[PDB]
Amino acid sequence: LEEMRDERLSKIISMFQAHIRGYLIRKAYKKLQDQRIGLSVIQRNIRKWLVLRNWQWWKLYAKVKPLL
């Protein structure tokens, strides 16, 4: 009755908030994809380092690298 009126107004508001939540997430999507690549780069490079840091060939290589 008047109950239905209040309930539909509450749903409408909630749908508008859904629209807002939608907007917020979709706006963050590109950064999320970019950050996924960034973190992949970070985890993989740290891991590669942990293996090669005590390998003599690498220690040579990294000293040669700056000289070209």
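Heads up: residue numbers just count along the shown sequence, starting at 1.
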Quiz item: By its CA B factor, does residue 10 count among the lowest, middle or highest third of the modelled residues in the chain?
Solution: middle
Exercise. Name the third of the chain's ranked CA B-factors that contains residue 60, choosing lowest, middle or highest.
Key: middle
Practice problem: Please place residue 46 in the lowest, middle or highest third of its chain by C-alpha B factor as given in the entry. | Solution: lowest
Quiz prompt | Cα B factor band for residue 25 (lowest, middle or highest third within the chain) | solution = middle
